[PDB]
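One file, my_file.cif, is given below (mmCIF, C-alpha atoms).
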data_target
loop_
_atom_site.label_atom_id
_atom_site.label_comp_id
_atom_site.auth_asym_id
_atom_site.auth_seq_id
_atom_site.Cartn_x
_atom_site.Cartn_y
_atom_site.Cartn_z
CA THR D 4 0.00 0.00 0.00
CA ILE D 5 3.00 2.23 -0.42
CA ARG D 6 2.22 5.67 -1.81
CA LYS D 7 4.29 8.47 -3.32
CA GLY D 8 4.47 10.47 -0.11
CA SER D 9 5.03 7.47 2.19
CA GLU D 10 7.96 7.40 4.54
CA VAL D 11 9.66 4.09 3.96
CA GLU D 12 12.47 1.97 5.38
CA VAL D 13 15.15 0.55 3.09
CA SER D 14 17.33 -2.43 3.83
CA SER D 15 21.09 -2.46 3.73
CA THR D 16 22.76 -3.91 0.71
CA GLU D 17 26.29 -3.58 2.09
CA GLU D 18 28.62 -5.29 4.59
CA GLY D 19 28.60 -4.05 8.17
CA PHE D 20 25.09 -2.88 7.43
CA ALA D 21 23.29 -6.20 7.88
CA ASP D 22 21.17 -4.89 10.74
CA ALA D 23 20.14 -1.41 9.66
CA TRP D 24 16.97 0.06 8.13
CA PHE D 25 17.38 3.55 6.69
CA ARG D 26 14.72 6.27 6.71
CA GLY D 27 13.61 7.29 3.25
CA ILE D 28 10.92 9.08 1.29
CA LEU D 29 9.65 7.09 -1.64
CA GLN D 30 9.44 9.04 -4.87
CA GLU D 31 7.36 6.43 -6.70
CA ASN D 32 4.22 4.41 -7.22
CA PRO D 33 4.79 0.80 -8.37
CA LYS D 40 13.74 -0.51 -9.08
CA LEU D 41 12.16 2.39 -7.19
CA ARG D 42 13.32 5.93 -6.44
CA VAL D 43 13.93 6.99 -2.84
CA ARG D 44 15.35 10.09 -1.18
CA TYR D 45 17.23 9.30 2.06
CA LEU D 46 16.40 11.23 5.22
CA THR D 47 19.90 12.13 6.30
CA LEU D 48 21.33 14.23 9.09
CA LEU D 49 23.10 17.50 8.39
CA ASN D 50 20.84 17.96 5.37
CA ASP D 51 19.53 21.42 4.53
CA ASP D 52 16.49 21.05 2.26
CA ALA D 53 17.88 24.03 0.31
CA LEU D 54 20.08 21.89 -1.94
CA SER D 55 18.30 19.52 -4.35
CA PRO D 56 17.94 16.05 -2.77
CA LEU D 57 19.72 12.96 -4.06
CA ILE D 58 17.71 9.99 -5.29
CA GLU D 59 18.85 6.39 -5.11
CA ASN D 60 17.23 3.42 -6.87
CA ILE D 61 16.40 0.30 -4.87
CA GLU D 62 15.00 -3.15 -5.58
CA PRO D 63 11.54 -3.28 -3.95
CA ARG D 64 13.15 -6.34 -2.41
CA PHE D 65 15.09 -4.11 0.01
CA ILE D 66 12.10 -1.89 0.75
CA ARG D 67 9.48 -2.03 3.49
CA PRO D 68 6.95 0.23 5.08
CA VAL D 69 7.34 1.82 8.46
CA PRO D 70 5.84 -0.54 11.00
CA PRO D 71 2.67 0.91 12.50
CA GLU D 72 2.85 1.51 16.25
CA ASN D 73 -0.10 -0.75 17.06
CA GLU D 74 1.76 -3.68 15.51
CA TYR D 75 4.50 -3.43 18.14
CA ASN D 76 3.17 -1.30 21.02
CA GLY D 77 2.02 -4.44 22.83
CA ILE D 78 5.46 -6.06 22.92
CA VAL D 79 7.30 -5.51 26.17
CA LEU D 80 11.01 -4.63 26.30
CA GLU D 81 12.87 -7.24 28.35
CA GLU D 82 16.15 -9.13 28.26
CA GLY D 83 16.32 -11.09 25.02
CA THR D 84 14.04 -8.68 23.20
CA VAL D 85 15.14 -7.83 19.65
CA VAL D 86 14.91 -4.05 19.25
CA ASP D 87 15.75 -1.21 16.88
CA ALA D 88 17.55 1.91 18.00
CA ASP D 89 16.73 5.26 16.55
CA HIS D 90 19.69 6.76 14.78
CA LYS D 91 17.44 9.43 13.40
CA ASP D 92 18.52 8.71 9.91
CA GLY D 93 18.10 5.03 10.51
CA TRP D 94 17.26 2.18 12.81
CA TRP D 95 19.88 -0.27 14.04
CA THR D 96 18.79 -3.68 15.20
CA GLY D 97 20.17 -5.53 18.22
CA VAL D 98 19.23 -7.41 21.41
CA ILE D 99 18.42 -6.03 24.85
CA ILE D 100 20.85 -7.62 27.27
CA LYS D 101 20.15 -5.53 30.35
CA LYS D 102 17.26 -3.54 31.69
CA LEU D 103 18.47 -1.11 34.33
CA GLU D 104 16.22 -0.08 37.22
CA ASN D 105 16.61 3.57 36.25
CA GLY D 106 14.76 2.63 33.06
CA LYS D 107 17.71 2.69 30.69
CA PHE D 108 18.62 -0.33 28.52
CA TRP D 109 21.78 -2.11 27.38
CA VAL D 110 21.58 -3.30 23.79
CA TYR D 111 24.05 -5.58 22.06
CA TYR D 112 25.30 -5.45 18.46
CA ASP D 113 27.31 -8.19 16.77
CA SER D 114 29.20 -6.36 14.00
CA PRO D 115 31.29 -4.89 15.25
CA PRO D 116 30.39 -6.44 18.62
CA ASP D 117 29.45 -3.60 20.93
CA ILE D 118 27.13 -2.73 23.79
CA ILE D 119 25.28 0.58 24.00
CA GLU D 120 23.11 2.19 26.62
CA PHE D 121 19.80 3.67 25.45
CA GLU D 122 16.80 5.56 26.82
CA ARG D 123 13.38 3.96 26.35
CA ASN D 124 12.35 6.55 23.77
CA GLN D 125 15.25 5.57 21.46
CA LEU D 126 14.01 1.98 21.18
CA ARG D 127 11.25 0.17 19.37
CA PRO D 128 10.69 -3.57 19.31
CA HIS D 129 11.96 -5.14 16.11
CA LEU D 130 9.54 -6.52 13.53
CA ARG D 131 9.99 -8.34 10.24
CA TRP D 132 8.14 -7.49 7.03
CA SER D 133 7.15 -10.64 5.12
CA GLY D 134 6.11 -8.69 2.05
CA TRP D 135 2.58 -9.19 3.29
CA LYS D 136 2.44 -8.63 7.04
CA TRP D 137 4.39 -7.91 10.22
CA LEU D 138 6.01 -10.63 12.27
CA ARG D 139 7.21 -10.57 15.88
CA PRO D 140 10.65 -12.16 16.28
CA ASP D 141 11.21 -14.66 19.10
CA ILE D 142 12.57 -13.50 22.45
CA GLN D 143 16.26 -14.43 22.49
CA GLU D 144 17.87 -16.75 25.06
CA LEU D 145 20.68 -14.96 26.89
CA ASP D 146 24.03 -16.19 28.14
CA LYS D 147 24.47 -15.53 31.85
CA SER D 148 27.86 -17.22 32.07
CA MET D 149 30.64 -15.88 34.27
CA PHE D 150 31.90 -13.71 31.42
CA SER D 151 28.63 -13.16 29.53
CA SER D 152 28.24 -9.98 27.49
CA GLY D 153 27.78 -6.94 29.68
CA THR D 154 29.49 -8.64 32.59
CA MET D 155 31.98 -6.33 34.26
CA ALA D 156 35.50 -7.76 34.61
CA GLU D 157 39.11 -6.67 35.17
CA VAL D 158 41.89 -6.61 32.59
CA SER D 159 45.57 -6.88 33.45
CA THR D 160 47.91 -4.10 32.42
CA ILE D 161 51.54 -3.34 32.91
CA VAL D 162 52.51 0.09 34.01
CA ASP D 163 55.82 1.08 32.56
CA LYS D 164 58.33 -1.71 33.09
CA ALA D 165 56.86 -4.22 35.51
CA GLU D 166 53.85 -3.27 37.64
CA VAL D 167 50.71 -5.31 37.43
CA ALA D 168 47.68 -3.08 37.49
CA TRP D 169 44.10 -4.16 37.09
CA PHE D 170 41.76 -2.25 34.86
CA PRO D 171 37.94 -2.30 34.97
CA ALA D 172 36.25 -3.10 31.65
CA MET D 173 32.97 -4.50 30.34
CA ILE D 174 33.02 -7.76 28.47
CA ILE D 175 31.49 -7.36 25.03
CA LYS D 176 32.05 -10.79 23.48
CA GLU D 177 34.13 -13.90 23.92
CA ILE D 178 35.65 -15.14 20.67
CA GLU D 179 38.00 -17.86 19.62
CA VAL D 180 40.94 -16.98 17.39
CA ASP D 181 42.93 -20.00 16.22
CA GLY D 182 41.95 -22.01 19.27
CA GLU D 183 42.87 -19.22 21.67
CA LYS D 184 40.17 -17.74 23.89
CA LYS D 185 39.93 -13.98 23.39
CA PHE D 186 37.70 -11.29 24.88
CA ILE D 187 36.44 -8.14 23.22
CA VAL D 188 36.30 -5.55 26.00
CA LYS D 189 35.17 -1.95 26.46
CA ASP D 190 36.49 0.78 28.71
CA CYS D 191 33.33 2.24 30.27
CA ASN D 192 35.13 5.01 32.13
CA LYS D 193 36.24 7.24 29.25
CA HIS D 194 34.44 10.48 28.63
CA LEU D 195 33.71 10.62 24.91
CA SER D 196 32.68 13.65 22.87
CA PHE D 197 30.10 13.58 20.11
CA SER D 198 32.87 13.36 17.56
CA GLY D 199 34.57 10.83 19.78
CA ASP D 200 31.65 8.43 20.04
CA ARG D 203 36.04 4.44 18.95
CA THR D 204 36.79 0.76 19.00
CA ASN D 205 36.76 -2.04 21.51
CA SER D 206 39.94 -3.99 22.07
CA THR D 207 40.44 -7.72 21.65
CA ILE D 208 42.45 -9.16 24.53
CA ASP D 209 43.88 -12.60 25.42
CA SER D 210 41.93 -14.71 27.92
CA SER D 211 44.90 -14.78 30.30
CA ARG D 212 44.54 -11.03 30.86
CA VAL D 213 40.97 -11.22 32.13
CA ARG D 214 39.65 -12.01 35.58
CA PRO D 215 36.32 -11.56 37.40
CA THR D 216 35.49 -8.46 39.40
CA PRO D 217 36.78 -9.26 42.87
CA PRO D 218 33.92 -10.00 45.27
CA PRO D 219 33.61 -7.48 48.09
CA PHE D 220 35.60 -8.04 51.21
CA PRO D 221 34.45 -6.12 54.23
CA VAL D 222 37.40 -5.51 56.46
CA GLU D 223 36.41 -2.74 58.87
CA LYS D 224 40.02 -2.44 59.94
CA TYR D 225 43.29 -2.49 58.08
CA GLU D 226 46.65 -2.88 59.71
CA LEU D 227 49.80 -1.15 58.69
CA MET D 228 51.96 -2.93 56.15
CA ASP D 229 49.06 -4.76 54.55
CA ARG D 230 49.23 -5.40 50.87
CA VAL D 231 46.26 -3.57 49.50
CA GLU D 232 44.81 -2.38 46.23
CA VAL D 233 43.81 1.19 45.62
CA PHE D 234 42.23 2.68 42.53
CA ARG D 235 44.77 5.26 41.37
CA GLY D 236 44.84 7.01 38.04
CA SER D 237 42.12 4.90 36.44
CA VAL D 238 43.59 1.50 37.35
CA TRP D 239 43.76 -0.65 40.47
CA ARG D 240 47.34 -0.66 41.77
CA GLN D 241 49.05 -2.60 44.47
CA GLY D 242 50.24 -0.76 47.58
CA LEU D 243 51.13 -1.00 51.24
CA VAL D 244 49.32 0.53 54.22
CA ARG D 245 51.98 2.83 55.66
CA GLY D 246 49.78 4.62 58.17
CA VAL D 247 46.60 4.25 60.16
CA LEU D 248 44.92 7.58 60.52
CA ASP D 249 42.33 9.44 62.41
CA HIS D 250 39.06 7.65 62.43
CA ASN D 251 38.84 5.65 59.26
CA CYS D 252 41.60 6.66 56.93
CA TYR D 253 44.90 5.32 55.68
CA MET D 254 48.15 6.46 54.22
CA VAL D 255 48.81 4.16 51.34
CA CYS D 256 51.89 3.83 49.26
CA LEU D 257 52.24 1.96 46.01
CA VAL D 258 54.96 -0.58 45.38
CA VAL D 259 56.66 1.66 42.93
CA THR D 260 57.56 4.45 45.31
CA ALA D 261 56.72 8.08 44.94
CA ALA D 262 54.68 9.49 47.73
CA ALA D 263 51.93 8.54 49.98
CA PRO D 264 48.55 10.15 49.93
CA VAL D 265 45.57 9.82 52.11
CA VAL D 266 42.96 7.31 51.16
CA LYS D 267 39.66 6.41 52.73
CA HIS D 268 38.48 3.08 53.90
CA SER D 269 36.03 2.69 51.05
CA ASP D 270 38.69 3.09 48.44
CA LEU D 271 40.83 0.28 49.73
CA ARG D 272 40.60 -3.30 48.52
CA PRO D 273 42.11 -6.40 50.08
CA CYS D 274 44.80 -7.24 47.53
CA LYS D 275 43.50 -10.48 46.03
CA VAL D 276 44.25 -12.68 43.07
CA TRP D 277 42.49 -15.11 40.77
CA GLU D 278 44.26 -18.19 39.47
CA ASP D 279 41.56 -20.77 39.96
CA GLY D 280 39.68 -19.66 43.03
CA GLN D 281 40.54 -16.22 44.34
CA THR D 282 43.46 -15.92 46.73
CA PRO D 283 46.06 -13.49 48.10
CA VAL D 284 49.59 -12.92 46.72
#
As structure tokens, please, write out the structure in this file.
Amino acid sequence: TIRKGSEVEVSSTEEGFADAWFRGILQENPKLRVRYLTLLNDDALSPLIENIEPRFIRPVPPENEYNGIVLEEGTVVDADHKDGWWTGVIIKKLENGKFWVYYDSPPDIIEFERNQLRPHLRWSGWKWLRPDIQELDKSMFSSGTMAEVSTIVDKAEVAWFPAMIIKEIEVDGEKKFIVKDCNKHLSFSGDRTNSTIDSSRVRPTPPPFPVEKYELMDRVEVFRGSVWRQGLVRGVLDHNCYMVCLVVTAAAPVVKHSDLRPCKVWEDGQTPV
């Protein structure tokens, strides 16, 4: 029932585009001529028309066809890129109402507001179809799971670095993890690639250890710079505070109880050393 004025969604012919649907305005009544709704477009300059197989064309799904579907973990959804919709799976619903959506090429995880999402639907050429809810991995290092990545500072120090696990892949029989640094402030121009990292470099987030007291000399881990670094409790200070010094030696600054971690390690189970 497409008409000349109809907004329309056109499928991606190209690689790395498998899961997109672009916004367009059809210029024809039944290849077909479409003008793409693009960002940074002033209507002042004459639009550009591309010709598409009706094969790669579908109508915009009407709201009533998908307004009944609830957004939960495993729900296939589309994210509004304004000029287009990008399809992925919801892997976390946060209590604040935000969502974490996964994409598989390149593998990435993005946080969205509810308004930026719609449930995904498929056009048969005849009618709309609801996709199945997707089973989710909740393994130890499932996607979205927060872990720590080993790093070396300068010559020899072993520092641990918080990162989200995007995907676990195998490369030539070697377990690898694609990981994301969730602590960087990115600009709009900045919004960027995840790094692939050997399995040996990745460990779980250390479970919490309450201590309630620390004693001088203790090996301890404090988050300095933006990595966890090893240190020794030089001083015990008024009320709950400590003077910590890192194993490379520079100076000692005050630290609070909260910011200290029992220095722990993971080799099979989790143990000191």
Closest of D:153, D:236, D:171, D:70 to residue 213 (chain D) - atom-to-atom distances counting all atoms listed in the file: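 Between D:153, D:236, D:171, D:70, the residue approaching residue 213 (chain D) most closely is D:171.
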Starting from the displayed file, determine the output of the PyMOL selection byres ((chain D and resi 218) around 12) and express the residue list as a PDB file with C-alpha atoms, in the coordinates of the input.
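For reference, expr34.pdb as written:
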ATOM      1  CA  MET D 155      31.980  -6.330  34.260  1.00  0.00           C
ATOM      2  CA  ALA D 156      35.500  -7.760  34.610  1.00  0.00           C
ATOM      3  CA  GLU D 157      39.110  -6.670  35.170  1.00  0.00           C
ATOM      4  CA  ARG D 214      39.650 -12.010  35.580  1.00  0.00           C
ATOM      5  CA  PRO D 215      36.320 -11.560  37.400  1.00  0.00           C
ATOM      6  CA  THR D 216      35.490  -8.460  39.400  1.00  0.00           C
ATOM      7  CA  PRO D 217      36.780  -9.260  42.870  1.00  0.00           C
ATOM      8  CA  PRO D 219      33.610  -7.480  48.090  1.00  0.00           C
ATOM      9  CA  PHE D 220      35.600  -8.040  51.210  1.00  0.00           C
ATOM     10  CA  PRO D 221      34.450  -6.120  54.230  1.00  0.00           C
ATOM     11  CA  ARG D 272      40.600  -3.300  48.520  1.00  0.00           C
ATOM     12  CA  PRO D 273      42.110  -6.400  50.080  1.00  0.00           C
ATOM     13  CA  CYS D 274      44.800  -7.240  47.530  1.00  0.00           C
ATOM     14  CA  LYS D 275      43.500 -10.480  46.030  1.00  0.00           C
ATOM     15  CA  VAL D 276      44.250 -12.680  43.070  1.00  0.00           C
ATOM     16  CA  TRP D 277      42.490 -15.110  40.770  1.00  0.00           C
ATOM     17  CA  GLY D 280      39.680 -19.660  43.030  1.00  0.00           C
ATOM     18  CA  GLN D 281      40.540 -16.220  44.340  1.00  0.00           C
ATOM     19  CA  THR D 282      43.460 -15.920  46.730  1.00  0.00           C
TER      20      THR D 282
END
How would you write, as a PyMOL selection string, the residues chosen by the PyMOL selection byres ((chain D and resi 84) around 10) on this structure? chain D and resi 78-83+85-87+97-101+110+128-129+140-145
Using C-alpha atoms, can you write the selected residues to a file as an mmCIF file, in the frame of the given file?
data_model
loop_
_atom_site.group_PDB
_atom_site.id
_atom_site.type_symbol
_atom_site.label_atom_id
_atom_site.label_comp_id
_atom_site.auth_asym_id
_atom_site.auth_seq_id
_atom_site.Cartn_x
_atom_site.Cartn_y
_atom_site.Cartn_z
ATOM 1 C CA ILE D 78 5.460 -6.060 22.920
ATOM 2 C CA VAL D 79 7.300 -5.510 26.170
ATOM 3 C CA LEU D 80 11.010 -4.630 26.300
ATOM 4 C CA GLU D 81 12.870 -7.240 28.350
ATOM 5 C CA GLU D 82 16.150 -9.130 28.260
ATOM 6 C CA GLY D 83 16.320 -11.090 25.020
ATOM 7 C CA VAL D 85 15.140 -7.830 19.650
ATOM 8 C CA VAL D 86 14.910 -4.050 19.250
ATOM 9 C CA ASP D 87 15.750 -1.210 16.880
ATOM 10 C CA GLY D 97 20.170 -5.530 18.220
ATOM 11 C CA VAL D 98 19.230 -7.410 21.410
ATOM 12 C CA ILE D 99 18.420 -6.030 24.850
ATOM 13 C CA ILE D 100 20.850 -7.620 27.270
ATOM 14 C CA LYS D 101 20.150 -5.530 30.350
ATOM 15 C CA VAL D 110 21.580 -3.300 23.790
ATOM 16 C CA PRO D 128 10.690 -3.570 19.310
ATOM 17 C CA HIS D 129 11.960 -5.140 16.110
ATOM 18 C CA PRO D 140 10.650 -12.160 16.280
ATOM 19 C CA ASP D 141 11.210 -14.660 19.100
ATOM 20 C CA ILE D 142 12.570 -13.500 22.450
ATOM 21 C CA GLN D 143 16.260 -14.430 22.490
ATOM 22 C CA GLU D 144 17.870 -16.750 25.060
ATOM 23 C CA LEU D 145 20.680 -14.960 26.890
#
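Rounded to one decimal, CA of residue 25 (chain D) and CA of residue 72 (chain D) lie 17.5 Å from each other.
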Any chance you could work out the residue set of the PyMOL selection byres ((chain D and resi 32) around 8) here, as a ChimeraX atom specification? /D:5-7,30-31,33
For region 48-57 of chain D: contacts at 10 Å, all atoms listed in the file, fewer than 6 positions along chain excluded, given as a list in words: residues 42, 90, 91, 92 and 93 of chain D
Keeping C-alpha atoms, export the residues of the selection given above as a compact mmCIF listing (two decimals), in the frame of the given file.
# COMPACT_ATOMS: atom_id res chain seq x y z
CA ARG D 42 13.32 5.93 -6.44
CA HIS D 90 19.69 6.76 14.78
CA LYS D 91 17.44 9.43 13.40
CA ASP D 92 18.52 8.71 9.91
CA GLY D 93 18.10 5.03 10.51
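Compared by their closest atoms to residue 241 (chain D), and using all atoms listed in the file, the residues D:24, D:186, D:169, D:132 rank with D:169 nearest.
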Env of residue 264 (chain D): 9 Å cut, atoms = all atoms listed in the file, seq-sep filter 3 positions within chain, self excluded. Answer as a count of residues only. 4
Please return the centre and edge lengths, in Å to one decimal, of a box with edges along x, y and z that contains all listed atoms of region 177-188 of chain D, widened by 3 Å on every side, as JSON.
{"center_x": 38.5, "center_y": -13.8, "center_z": 21.1, "size_x": 14.8, "size_y": 22.5, "size_z": 15.8}
Could you list as JSON, numbers by chain every residue that has an atom within 8 Å of (17.6, 1.1, -8.6), using the file's coordinates and counting all atoms listed in the file? {"D": [40, 41, 42, 59, 60, 61, 62]}
Determine, counting all atoms listed in the file, which protein, DNA and RNA residues have an atom within 7 Å of an atom of residue 108 (chain D); residues of the same chain fewer than 4 positions away are not included. Present the result as a PyMOL selection string. chain D and resi 99+101-103+120-122
